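First comes the structure, then the notes that go with it.
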Amino acid sequence: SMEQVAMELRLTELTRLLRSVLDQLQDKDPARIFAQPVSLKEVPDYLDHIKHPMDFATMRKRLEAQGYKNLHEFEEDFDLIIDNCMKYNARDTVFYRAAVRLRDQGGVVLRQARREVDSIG
């Protein structure tokens with residue numbers, strides 16, 4: 001149907017905008033601390049601590065399959081990156097501190113993303 005095509009075009013355009021958002025957020029992680037999944041070979045107890053691991057590569061795979069239906073879903077995954085790190089790692093660590101800085105800098109990007117999503121529909 002044409003209605004299904006139009007819905008698919010909207011999903012495509014949202015995907016484009018989320019890819020730009022994802023790039024901008026990942027730039028706020030210049031140390032690449034959040035670039036890849038925590039390795040269960042290197043941190044074998046991780047899943048006893050963190051029930052829903054997340055990282056930028058994992059988000060990028062979901063995005064490229066058009067797996068985010070709305071901005072809320074995308075934000076959920078970004079917040080997992082930050083919140084998982086702030087639980088597993090202590091306050092005095094470079095990991096925790098990177099997460100705080102990513103959260104604070106990313107908030108700015110996400111504030112304008114939300115306006116764009118709503119504005120363009």
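Scheme for the structure tokens: letters A, B, ... for chains in order shown; per-chain residue numbers from 1; ligand numbers from 1 in order shown.
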
Non-local contacts of range 29-46 of chain A (8 Å; only C-alpha atoms; under 3 positions in same chain excluded) as a PyMOL selection string: chain A and resi 25-26+49-50+53-58+81+95+98+102

Include N, CA, C and O atoms and write out the residues we just selected as a PDB file, in the first residue's frame.
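Output saved as result_5.pdb:
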```
ATOM      1  N   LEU A  25      26.749  12.316  19.508  1.00  0.00           N
ATOM      2  CA  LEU A  25      26.947  11.762  20.892  1.00  0.00           C
ATOM      3  C   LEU A  25      28.256  11.031  20.995  1.00  0.00           C
ATOM      4  O   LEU A  25      29.007  11.185  22.006  1.00  0.00           O
ATOM      5  N   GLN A  26      28.630  10.238  20.013  1.00  0.00           N
ATOM      6  CA  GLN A  26      29.828   9.497  20.104  1.00  0.00           C
ATOM      7  C   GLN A  26      31.081  10.398  20.087  1.00  0.00           C
ATOM      8  O   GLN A  26      32.104  10.106  20.643  1.00  0.00           O
ATOM      9  N   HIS A  49      26.082  -8.191  37.223  1.00  0.00           N
ATOM     10  CA  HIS A  49      25.868  -6.843  37.642  1.00  0.00           C
ATOM     11  C   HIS A  49      24.863  -6.126  36.757  1.00  0.00           C
ATOM     12  O   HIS A  49      23.978  -5.399  37.278  1.00  0.00           O
ATOM     13  N   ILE A  50      25.079  -6.187  35.471  1.00  0.00           N
ATOM     14  CA  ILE A  50      24.385  -5.371  34.479  1.00  0.00           C
ATOM     15  C   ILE A  50      23.495  -6.317  33.615  1.00  0.00           C
ATOM     16  O   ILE A  50      23.962  -7.207  32.876  1.00  0.00           O
ATOM     17  N   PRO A  53      23.281  -4.794  28.964  1.00  0.00           N
ATOM     18  CA  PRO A  53      24.468  -4.088  28.468  1.00  0.00           C
ATOM     19  C   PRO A  53      24.172  -3.290  27.196  1.00  0.00           C
ATOM     20  O   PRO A  53      23.223  -3.664  26.407  1.00  0.00           O
ATOM     21  N   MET A  54      24.886  -2.195  26.993  1.00  0.00           N
ATOM     22  CA  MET A  54      24.682  -1.398  25.807  1.00  0.00           C
ATOM     23  C   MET A  54      25.982  -0.653  25.488  1.00  0.00           C
ATOM     24  O   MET A  54      26.804  -0.414  26.391  1.00  0.00           O
ATOM     25  N   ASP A  55      26.151  -0.279  24.227  1.00  0.00           N
ATOM     26  CA  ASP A  55      27.355   0.400  23.740  1.00  0.00           C
ATOM     27  C   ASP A  55      27.053   1.043  22.365  1.00  0.00           C
ATOM     28  O   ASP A  55      26.004   0.694  21.779  1.00  0.00           O
ATOM     29  N   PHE A  56      27.917   1.910  21.876  1.00  0.00           N
ATOM     30  CA  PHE A  56      27.609   2.596  20.637  1.00  0.00           C
ATOM     31  C   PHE A  56      27.594   1.682  19.410  1.00  0.00           C
ATOM     32  O   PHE A  56      26.807   1.897  18.483  1.00  0.00           O
ATOM     33  N   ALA A  57      28.451   0.660  19.355  1.00  0.00           N
ATOM     34  CA  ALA A  57      28.407  -0.254  18.224  1.00  0.00           C
ATOM     35  C   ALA A  57      27.119  -1.029  18.122  1.00  0.00           C
ATOM     36  O   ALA A  57      26.570  -1.217  17.055  1.00  0.00           O
ATOM     37  N   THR A  58      26.601  -1.442  19.269  1.00  0.00           N
ATOM     38  CA  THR A  58      25.341  -2.152  19.366  1.00  0.00           C
ATOM     39  C   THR A  58      24.207  -1.228  18.904  1.00  0.00           C
ATOM     40  O   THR A  58      23.304  -1.667  18.152  1.00  0.00           O
ATOM     41  N   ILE A  81      23.762   3.017  28.280  1.00  0.00           N
ATOM     42  CA  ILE A  81      25.251   3.138  28.237  1.00  0.00           C
ATOM     43  C   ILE A  81      25.747   3.856  29.463  1.00  0.00           C
ATOM     44  O   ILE A  81      26.702   3.375  30.179  1.00  0.00           O
ATOM     45  N   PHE A  95      36.135   5.714  34.081  1.00  0.00           N
ATOM     46  CA  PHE A  95      34.920   5.238  33.431  1.00  0.00           C
ATOM     47  C   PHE A  95      33.710   5.991  33.861  1.00  0.00           C
ATOM     48  O   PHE A  95      32.911   6.492  33.047  1.00  0.00           O
ATOM     49  N   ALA A  98      33.788   9.587  32.686  1.00  0.00           N
ATOM     50  CA  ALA A  98      33.526   9.693  31.214  1.00  0.00           C
ATOM     51  C   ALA A  98      32.012   9.659  30.989  1.00  0.00           C
ATOM     52  O   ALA A  98      31.458  10.332  30.155  1.00  0.00           O
ATOM     53  N   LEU A 102      29.688  12.446  29.210  1.00  0.00           N
ATOM     54  CA  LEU A 102      28.865  12.043  28.062  1.00  0.00           C
ATOM     55  C   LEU A 102      27.430  12.381  28.300  1.00  0.00           C
ATOM     56  O   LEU A 102      26.722  12.969  27.397  1.00  0.00           O
TER      57      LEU A 102
END
```

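Going from CA of residue 16 in chain A to CA of residue 28 in chain A covers 19.3 Å.
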
Separation of CA of residue 63 in chain A from CA of residue 18 in chain A, in Å and rounded to one decimal: 7.6 Å

Counting only C-alpha atoms, the residue of A:11, A:109, A:86, A:99 that sits nearest residue 64 in chain A: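 Looking at the shortest contact to residue 64 in chain A, the residue is A:11.
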
Atom pair CA of residue 116 in chain A / CA of residue 9 in chain A: separation (Å):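 Separation between CA of residue 116 in chain A and CA of residue 9 in chain A: 16.4 Å.
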
Helix (DSSP H, G or I) call set, DSSP backbone run, range 41-112 of chain A, as JSON, numbers by chain: {"A": [46, 47, 48, 49, 56, 57, 58, 59, 60, 61, 62, 63, 64, 71, 72, 73, 74, 75, 76, 77, 78, 79, 80, 81, 82, 83, 84, 85, 86, 87, 88, 94, 95, 96, 97, 98, 99, 100, 101, 102, 103, 104, 105, 106, 107, 108, 109, 110, 111, 112]}
